[PDB]
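First comes the structure, then the notes that go with it.
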Number of protein chains: 2
Amino acid sequence: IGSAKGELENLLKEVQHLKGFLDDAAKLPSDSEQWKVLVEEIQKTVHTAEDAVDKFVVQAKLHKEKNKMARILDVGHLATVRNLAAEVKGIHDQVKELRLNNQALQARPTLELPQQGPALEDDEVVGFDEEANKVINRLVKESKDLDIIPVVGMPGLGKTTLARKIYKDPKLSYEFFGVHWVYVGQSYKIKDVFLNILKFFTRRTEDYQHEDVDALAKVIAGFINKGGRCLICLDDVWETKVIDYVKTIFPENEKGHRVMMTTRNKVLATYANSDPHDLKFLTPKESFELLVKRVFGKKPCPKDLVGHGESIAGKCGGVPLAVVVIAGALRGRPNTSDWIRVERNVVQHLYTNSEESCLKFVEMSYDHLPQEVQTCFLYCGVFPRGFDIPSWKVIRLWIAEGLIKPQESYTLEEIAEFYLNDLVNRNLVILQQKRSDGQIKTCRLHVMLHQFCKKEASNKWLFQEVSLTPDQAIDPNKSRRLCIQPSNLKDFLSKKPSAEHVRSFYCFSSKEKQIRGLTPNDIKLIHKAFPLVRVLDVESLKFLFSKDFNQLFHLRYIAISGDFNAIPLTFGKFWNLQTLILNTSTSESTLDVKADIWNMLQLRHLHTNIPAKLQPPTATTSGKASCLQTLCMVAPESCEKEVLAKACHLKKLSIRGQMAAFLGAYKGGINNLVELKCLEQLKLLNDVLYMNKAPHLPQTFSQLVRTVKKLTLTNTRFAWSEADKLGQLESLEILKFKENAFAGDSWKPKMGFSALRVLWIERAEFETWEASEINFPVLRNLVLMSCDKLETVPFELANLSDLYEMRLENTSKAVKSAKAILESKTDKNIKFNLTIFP
Amino acid sequence: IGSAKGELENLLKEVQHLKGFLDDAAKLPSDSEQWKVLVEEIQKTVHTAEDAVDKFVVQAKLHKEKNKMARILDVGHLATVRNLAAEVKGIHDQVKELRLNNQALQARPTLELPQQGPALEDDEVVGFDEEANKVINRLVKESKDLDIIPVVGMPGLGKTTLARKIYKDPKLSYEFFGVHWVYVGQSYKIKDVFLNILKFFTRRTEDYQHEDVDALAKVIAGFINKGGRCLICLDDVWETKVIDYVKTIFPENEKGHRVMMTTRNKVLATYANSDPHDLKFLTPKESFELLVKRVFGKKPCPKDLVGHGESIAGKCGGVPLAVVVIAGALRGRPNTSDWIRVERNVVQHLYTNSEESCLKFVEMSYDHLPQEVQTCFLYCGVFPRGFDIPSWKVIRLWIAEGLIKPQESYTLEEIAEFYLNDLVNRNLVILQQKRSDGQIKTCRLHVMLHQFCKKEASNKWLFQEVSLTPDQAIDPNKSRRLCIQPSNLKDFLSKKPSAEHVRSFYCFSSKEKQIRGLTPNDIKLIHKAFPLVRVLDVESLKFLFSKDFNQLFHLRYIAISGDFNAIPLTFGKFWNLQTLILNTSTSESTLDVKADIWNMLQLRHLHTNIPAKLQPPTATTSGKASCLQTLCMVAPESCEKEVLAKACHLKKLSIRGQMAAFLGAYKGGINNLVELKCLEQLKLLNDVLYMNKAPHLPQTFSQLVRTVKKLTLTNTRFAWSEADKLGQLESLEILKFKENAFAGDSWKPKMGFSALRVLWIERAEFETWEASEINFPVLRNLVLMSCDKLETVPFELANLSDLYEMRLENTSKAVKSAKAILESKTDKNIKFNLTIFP
Ligand SMILES: Nc1ncnc2c1ncn2[C@@H]1O[C@H](COP(=O)(O)OP(=O)(O)OP(=O)(O)O)[C@@H](O)[C@H]1O
Ligand SMILES: Nc1ncnc2c1ncn2[C@@H]1O[C@H](COP(=O)(O)OP(=O)(O)OP(=O)(O)O)[C@@H](O)[C@H]1O
């Protein structure tokens, strides 16, 4: 190739300038339509330049793949390269014209250039009676030390309303000499906060205005000492510095002073109190009651509007702020037509209107985010509203979208995990599913937060939901990525879509396993529509590997399903592929990975729903260690010395098959596991129910997986004496036995698991269990489920200090022993939780 | 050459404009991403232009080296010159476009466009009880005159916390009538400071607000006279003018008033008090205790977090500010995963987050630096974290990097020594090693300061640490220089690096002498990767002189190791070379310097680990005096009349070999030392243990090295009577005798060393020593080591006025005499220190 490399480089520099401008404009608040048009044009120009460069790189790589004879004799390559160079030159001319003509594209040194409601009467507050009672009981408990009870929750959940309800409660007056309210806020000055606190004790604050912060703290402490027990309410705390400053205004008189603070941050609340108070969500009934109180005040709802109102209140997610905004939409419109209109799209009516109260309140928390976490938050709105987002899937989508910039000491997966946990801690992501590690398993976006992400991503052109009003298309040409539900897929494809600029295609099955009437021609049309697609995350389909699919060389993420007997060699030409998630309905016991994954240097995660029969690297493929981090459902046959050596950086590994033929001496494929350097999770599964002999844990197993933190055994059918071998694992932290992993009437462990935190037993047909303290010194969780034959969980566990959680699911008489242990620990007054189902 | 010289000159002028802009932008705070992109582009353009000019200059020099026939017949030179001219023209066009298109590159006349914590209860302070007691004992000592006790230390070390602890101490209340606290600060007005001081004595400061500074000083003096003994605490003093102003507010009533000031500057503290109080660093235990107090307040650390917390606290360097910042990172996160994440990289978690408290506090001291000292400070971050930086090496790296601009009266080495000492005096560099001269031998960067330098250098593109996350490379293309540890060298080279823009390559062996598995091909790859490298500081290797190494004509600094029997002539073509540090493992006794160093006009320092057998300059090489400043390990054979004449400006000289054949009459190579005009240091070493005869100091020796300040004799085996000849040296300031330098049972010196300051004896097998006062009139240090046979250090030295330091290392009974002298001087109450090991 000639000068086109220099043209590419110059275009990249200019596009870097344009992207810097776009990042800057994302900060600038704009009310000008011409500014909006210019930013749209620059975004489109950046996208076009990126697509052109990517096409050029792909063509150069494909040419270099071809042999020298084919390289010379391919005139079609010459025509394509000339066309791509012409396109690059045109885009570069456009970018230069953009920068030259517009004075807004001039760089500037430092120049980006950027009250509560009426007052609720105690009957205007809905559903907070029990919550207020709980917080009041916590506040009025006698204790010598200062105690902070933080009320924490998502924006507009009612933290300030509950704090005001408690602050006005008569009960507090009997217990506390002084009950003061202080508003801190995000932007606050501690001198002002202390002066406001001082007003509650002296009316001569015009005398103390000249004092310093510490002097004012001492003055307030003396006043409180003169008074007695005091409760100071801090509103809207966004830093720990406030908590630390306020600790200094309370005298050490052992009276039991209190602070009730409200915050959106769970980490700040956990600093304030190891047990922060999570404000509840209103029930649908309470939501409807609040809606009726907001719309009709004290008058009852008209009968004809009750059904619509109940529908509307249930669509607000139980967050009072949403109900208040929707009420503002329904105020003074007792007509059924207006209520039907609002019911049709309630989340839209949040963030619209001047009373868009959701927008500014959500933006309070949003602006507090770092840029990477900000962008990662928006891509949570790529899932359907109400979708139970898998944490692993969203993490891998963030990484595949380039949202996570690599850091020196952390893997991209670790950074993404931290970002997701930070979003949950800031109460911007709802988490209802916990892994045994204590990490997020599935998360969710609240309807109001989801609508915020959906609008913000559309404003920033990150992605866009394909929504059709009977016919028509809504500008799909104004979106880098497209999300479409399976119901709307057929209609969209019937238009014969052709969007080169679209880079990610999302089809999420919220109604799981509702594969609609999509034909192979529709899948081929999907392939045709997006040739530059980087992320293809569509698992509700019967995907087929057409010849057009083999040309999606830009892919970084694929989540597909169908009837695949093997991964074709064509997958090996996706040199950008990072995540490969497969779900094959084929009856074949294992999936043949024909693709030479080892030469896919970018590949990090491979997920298959049946065991994968990998191929050992050839002598040519030898080189550096592979980037692979996850290898799920790998057949024991494929765990060879070379396979494991190339993937020595593997972190999660799952094996399923004939384990017996894997734990033997000449079966040292198990011994090949030593090649791994950072193996954290290991799943060992057995498929056969009839066993020639009961397998055995090799004596080498202790140091074969010494780095493993999570170990899962399934259908292994091991003698309970074989569990003693797992105690020699130094890093074993979470341990799972499921589906008759260990066989035997009783388990009498002797070895102690030095670091085990979570013990997990499922469907264990054992009868008795005589563990002791030495066996699990640092146990923290004990999850037994489907243990219909277990007799009694040993009392010896009751003496374990760190143990504070234990769940018995579908458990026999052993439940009674769990009650006995709970009773003993309650007698000792140790924080403990015991869950029983049903 | 044709017009290309004019093109070079015009490109140089435009690059001067761009560099001026870069210097300006370094001052401008910027939040615009487009601004960052533009600055990056201009930096890359400046680097590219510099590289092009350098390539052109070296090519012109190489052509001029060739003979006229070769010059005319070298078509390859014509092609290379045409390519270089085309590159220069392209870079000039790019620079012109940069200046024309961007309105931020317009020159403007003058237009660059630029609270404490809560409060600690004395139980929240860790490890300062003894320090506070020491400072209080110093304060409450009875003395007639005003006494200032400065608490000095590095940023965030806790000077203000200890000052507050002392200010709150009850003990001070008994001793002092008034104990006031004044905050001065970097930006301060003396009128405001005096008015604040006045408030402590009168509540009518609204009456005195109109007085002048001297009038207010007199008023405060009268108030203090009325009161009694007073202690005024000055916080954050950055100038001596504050000290002088505050001296005027204390009446001369002989009561013993005190001032306790805190500062980061050791020179300011030494002005305030000849014995300033150096605040301690927290021990790892105290650091963990402080971390637990900051994270969990008064509750104990959870057991599962104690190991992670202890690891984290030990990575904070004993500076409380670092522990406070890391606590802010760990607050409200009692999960082992968060603590593991923070432990993985603790120094990163300083300077990140809004509570980046390290950043602003370090910037306070950094901005106080001059630009040259600022840049020299950052290049201390090229060394590994925790590396013991050699002073000579960092000085020579600063000079080789162009950081020191020559001054009229000072050599570059003197300016660099001053800069390093200034960085130590500002408490920005940690010094723990002192030369006998009292200068810094090795220094260190605190982990928090090191991270500041690392980040700041990366932000300014000065250098960059090559760090790989398993695979990958982090933008190496966005750095002028690259530092890589030997562990990461092999992985980096396997990528086949080719970085023309990289100008310095650093490989520092913090784990000393851990030469890993690097092959000759790796060394050749190092040579290939950086052809424009100016600085090559890599001594943990077996370097080999390949043909590619011979083409690094830009080299200004080389520090290499291997098996070299001689320096090839190819080193003579490094016309830019200043420092040549060699460590050759060859068994051959000396190093043959084949390269014609005398024509290497820029050469300043030559260091070899074995004696160097230089070659006398030829009649052609005659000319000006050589720039050589250091000639270490030069064989006595090479010290000839012409060799010594060409290097008359030499300052350090080291000789090792057969001294007897060097001190003789016909051996007047010793007499050739007269040719030196500024010889400061002389080392004379002996290699032979069997001597035909005991050598003799020539009677001419007194005026042979008359300019020498430091003299080192090793293995010479001289009669103790020969030490009397060294007393005639006018400038002899430091004298070292090591490894049986002088042989004899006893030493009875008669001559007196008029200017000797430091007397250093190592492994002297003499028995008795009967020195007297006249012998060492101005002695200041007497350091004896391995004197297992010395009987008693004479009491006569106890009467020496200037002597205040004496160290006996592995010393026999003579230790008892040292104790006697210490006792006598303590009786006289003279400041003295006596160190004994073990
Ligand atoms: N239980 C409730 N009953 C009635 N209105 C409520 C309730 N909880 C909240 N609100 C409404 O919320 C608004 C008051 O702020 P709110 O108490 O919701 O904020 P918060 O939870 O402290 O959140 P943030 O301060 O982060 O915005 C008013 O519209 C109030 O009517
Ligand atoms: N011994 C200590 N125990 C507890 N906290 C400490 C201790 N020393 C310092 N700190 C805390 O560390 C942080 C920095 O310390 P401090 O402000 O006293 O430092 P300083 O030496 O005066 O520095 P600067 O030059 O910035 O004024 C503050 O939060 C201080 O409270």
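What's counted below: heavy atoms across the whole structure, side chains too, no hydrogens, waters or symmetry copies. Proteins come first, then strands; the chains are lettered A, B, ... in the order of their sequence lines, and each starts at number 1. Each ligand, and each atom within it, is numbered from 1 in the order the structure gives.
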Heavy atom of [X], distance to ligand 1 below 4.0 Å:
{"X": "A:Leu290", "value": "yes"}
{"X": "A:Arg294", "value": "yes"}
{"X": "A:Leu157", "value": "yes"}

Please determine, by modelled atom types, if A:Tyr271 and A:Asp244 share a side-chain donor-acceptor pair under 3.5 angstrom. yes
A:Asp235 and ligand 1 - part of the residue with a heavy-atom distance under 4.0 Å: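 Under 4.0 Å from ligand 1, A:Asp235 contributes no heavy atoms.
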Considering heavy atoms of the protein only, find what lies nearest to [atom] and give residue, atom and distance to 0.1 Å.
{"atom": "atom 21 (O) of ligand 2", "answer": "B:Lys159 N, 2.5 Å"}
{"atom": "atom 30 (C) of ligand 2", "answer": "B:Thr161 OG1, 3.2 Å"}
{"atom": "atom 24 (P) of ligand 2", "answer": "B:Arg264 NH2, 3.6 Å"}
{"atom": "atom 19 (O) of ligand 2", "answer": "B:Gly158 N, 3.2 Å"}
{"atom": "atom 23 (O) of ligand 2", "answer": "B:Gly156 N, 3.3 Å"}

Measure the acute angle between the ring planes of B:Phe377 and B:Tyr366, then classify it against the limits of 30° and 60° as parallel, tilted or perpendicular. tilted
Parallel, tilted or perpendicular: which fits the ring planes of A:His368 and A:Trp238, with parallel below 30° and perpendicular above 60°?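 Rings of A:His368 and A:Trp238: perpendicular, over 60°.
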Within a radius of less than 6.0 Å around [atom1] of [X], do more than 12 heavy atoms belonging to other residues, nucleotides or ligands occur?
{"X": "A:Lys134", "atom1": "NZ", "answer": "no"}
{"X": "A:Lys280", "atom1": "NZ", "answer": "yes"}
{"X": "A:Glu121", "atom1": "CD", "answer": "yes"}

Report yes if some N/O of A:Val126 lies less than 3.5 Å from some N/O of ligand 1; otherwise report no. yes
Between A:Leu279 and ligand 1, is there a nitrogen or oxygen pair with a distance under 3.5 Å? no
So, 4.0 Å and heavy atoms of B:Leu120: is ligand 2 close enough to count as a contact?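 Yes, that is the case, since the closest heavy atom of the residue is under 4.0 Å from the ligand.
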Does ligand 2 have any atom that is closer than 4.0 Å to a heavy atom of B:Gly127?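 Heavy atoms of B:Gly127 never come under 4.0 Å of ligand 2.
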Enumerate the atoms of ligand 2 whose separation from the nearest heavy atom of B:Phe128 is less than 4.0 angstrom.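 Close to B:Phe128: 1 (N), 8 (N).
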Within the 4.0 Å heavy-atom shell around B:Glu124, which atoms of ligand 2 are there?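 Result: 3 (N), 4 (C).
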Is there a nitrogen or oxygen of B:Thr160 sitting under 3.5 Å from a nitrogen or oxygen of ligand 2?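 It does: an N or O of B:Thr160 is found under 3.5 Å from an N or O of ligand 2.
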With atoms numbered from 1 as shown, which atoms in ligand 1 lie under 4.0 angstrom from a non-hydrogen atom of A:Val324? 11 (C), 29 (O), 31 (O)
Which of the atoms in ligand 1, numbered in the order shown and given with their element, are less than 4.0 Å from a heavy-atom of A:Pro320?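 Result: 6 (C), 7 (C), 8 (N), 9 (C), 10 (N).
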[X] side, atom [atom1]; [Y] side, atom [atom2] - distance, nearest 0.5 Å:
{"X": "A:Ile166", "Y": "A:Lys171", "atom1": "CD1", "atom2": "NZ", "value": "10.5 Å"}
{"X": "A:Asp214", "Y": "B:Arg164", "atom1": "CG", "atom2": "CZ", "value": "6.0 Å"}
{"X": "A:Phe281", "Y": "A:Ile430", "atom1": "CZ", "atom2": "CD1", "value": "4.5 Å"}

Give a yes or no on whether the backbone of A:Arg331 and the side-chain of A:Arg294 come within a donor-acceptor separation of less than 3.5 Å.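 Not at all, since once roles are kept as given, no pair shorter than 3.5 Å links the two residues.
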Check whether any side-chain N or O of B:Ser365 sits under 3.5 Å from a backbone N or O of B:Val362 as a donor-acceptor pair, and report yes or no.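 Side chain of B:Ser365 to backbone of B:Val362, a donor-acceptor pair under 3.5 Å: no, none is there.
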